[PDB]
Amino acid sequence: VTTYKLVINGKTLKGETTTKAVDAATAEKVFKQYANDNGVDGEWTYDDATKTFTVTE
């Protein structure tokens, strides 16, 4: 496992959260479920060097 990060850039929700996962593609699924549970719908990026996802509305 490794710590992945999610930076959130919403209209009203902003900040960051993390998850510990086997790989980036698994962490991605956790993160997209997280954004859905929080009403955030937008565009996704991923930077492998920093293990960081971004979702922006």
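All residue numbers refer to positions in the sequence shown, first residue = 1.
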Handout entry: Where the record places residue 41 (Cα B-factor, split into thirds across the chain)
Key = highest
Problem - residue 33 - which third its CA temperature factor falls in, relative to the rest of the chain - result: highest
Problem - Within-chain third of residue 22 by Cα B-factor, per the entry - result: middle
Exercise for the section: Pull the Cα B-factor of residue 55 out of the PDB entry and bin it into the chain's lowest, middle or highest third. Expected result: lowest
